[PDB]
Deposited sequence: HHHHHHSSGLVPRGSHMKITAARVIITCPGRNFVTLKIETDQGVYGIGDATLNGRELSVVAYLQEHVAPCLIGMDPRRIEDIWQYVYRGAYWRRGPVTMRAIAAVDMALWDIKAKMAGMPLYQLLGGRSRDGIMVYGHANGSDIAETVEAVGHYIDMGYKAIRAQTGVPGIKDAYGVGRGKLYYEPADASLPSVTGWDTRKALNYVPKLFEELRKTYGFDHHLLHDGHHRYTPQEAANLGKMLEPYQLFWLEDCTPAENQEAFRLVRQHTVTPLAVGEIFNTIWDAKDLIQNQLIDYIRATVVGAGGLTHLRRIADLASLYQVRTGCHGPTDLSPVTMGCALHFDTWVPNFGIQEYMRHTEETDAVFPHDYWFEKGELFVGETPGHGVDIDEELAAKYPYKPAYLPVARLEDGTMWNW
């Protein structure tokens, strides 16, 4: 135990500080300190819009937290969620997520337990991950998939450039017919080359209409994909209906979701197989648990998004979540830079296509503030996409 407060005594948040660092890329971290001595940290990173969350926390949320009882995780979650008045949203839920992660960090430290024990204990040993096999064309993407296979990955996401298709935001091009003609040939070549033992994933990256996604999903059926992800924009939760009606290719969505309200109909109408919402994107452990539980009712599984723009603090929480959650499906894993790992020392590790969470009380991650200050913030944007005629599209 990090130290329990005496029975009948109070505990207060004394500080809620935002720390910004760029050890390879931008990360925002909230550190909640207490009068007991124990502290907790949470990820607040919102890629390409980082400083909006910094201000949300520093100027608005943090001053409200001071003096509050950090043990009251649920109450504080409801306070910042309901109390915002303007509810939901990428910036809002990142701030909430940062607070929630930091508070669960504190509770696990005080309990003298790794976080997964507080959530209900372990349901599995290792956490299956997928890696990112990218190529400019099919031949190259095929070779990249082989590399991940050699490395012992059980699951691989395969993405290829399409011939004829191409810090401020980089502008990229897109054409759907070109992709529809080419993408199924990638998966054909992959199965010809490697057979059917490995899980193969594809990210449609919001590019298709529902009918087009249905078309693509059908064309991919002979290749038995693990999932086709983010096939069509999903602000309208009815957008997956035609896709689900027409294909048995499994469907995943939700890396950009921030509350259960973004996913409730996709889940209850059985339009998806994997929910991709994350601890940082969707309001911390407190809220992600709700999302996972609703999904479980329909046998929908978790497939947490996990690019490098979710810091190791997020990964730590994600792995504790993954270790416990009964309807675990898979965990995305893109490796952070060495500098990032140094700034955020953590008790999780990778081995032969699986991540494993450690037994350190808390979520097992910390932040080296002295080292973090050596890497100053540097603006960086996500790309945008335009159609061939110049139409603004979904990158």
property	result
Deposited-sequence ranges lacking C-alpha coordinates, in sequence order	1 to 6, 173 to 189
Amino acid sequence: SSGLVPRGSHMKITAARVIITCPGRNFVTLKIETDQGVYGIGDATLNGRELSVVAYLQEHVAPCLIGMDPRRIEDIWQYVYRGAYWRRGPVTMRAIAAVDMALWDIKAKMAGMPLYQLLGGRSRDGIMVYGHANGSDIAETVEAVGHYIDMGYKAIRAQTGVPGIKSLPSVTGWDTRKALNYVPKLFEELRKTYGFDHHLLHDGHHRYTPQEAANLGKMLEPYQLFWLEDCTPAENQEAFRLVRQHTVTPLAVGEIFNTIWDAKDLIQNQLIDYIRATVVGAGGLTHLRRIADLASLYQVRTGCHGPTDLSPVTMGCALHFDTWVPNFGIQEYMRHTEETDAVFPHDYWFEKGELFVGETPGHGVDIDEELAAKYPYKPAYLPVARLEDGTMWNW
From here on, numbers count along this sequence of modelled residues.
| query | finding |
| --- | --- |
| Between 263 to 271 and 182 to 190 (mean CA B-factor, as deposited), the higher | 182 to 190 |
| 206 to 214 or 313 to 321, whichever carries the higher mean Cα B-factor | 313 to 321 |
| Residue with highest C-alpha B-factor in the PDB entry, from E50, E332, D43, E338 | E338 |
| Among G306, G281, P163, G89 - the residue whose C-alpha B-factor is largest in the record | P163 |
| Record-listed C-alpha B factor of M113: chain third | highest |
| Relative C-alpha B-factor of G146, binned into the chain's lowest, middle or highest third | middle |
| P250, C-alpha B-factor rank within chain (lowest, middle or highest third) | lowest |
| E140, C-alpha B-factor rank within chain (lowest, middle or highest third) | highest |
| CA B-factor ranking of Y39, expressed as a third of its chain | highest |
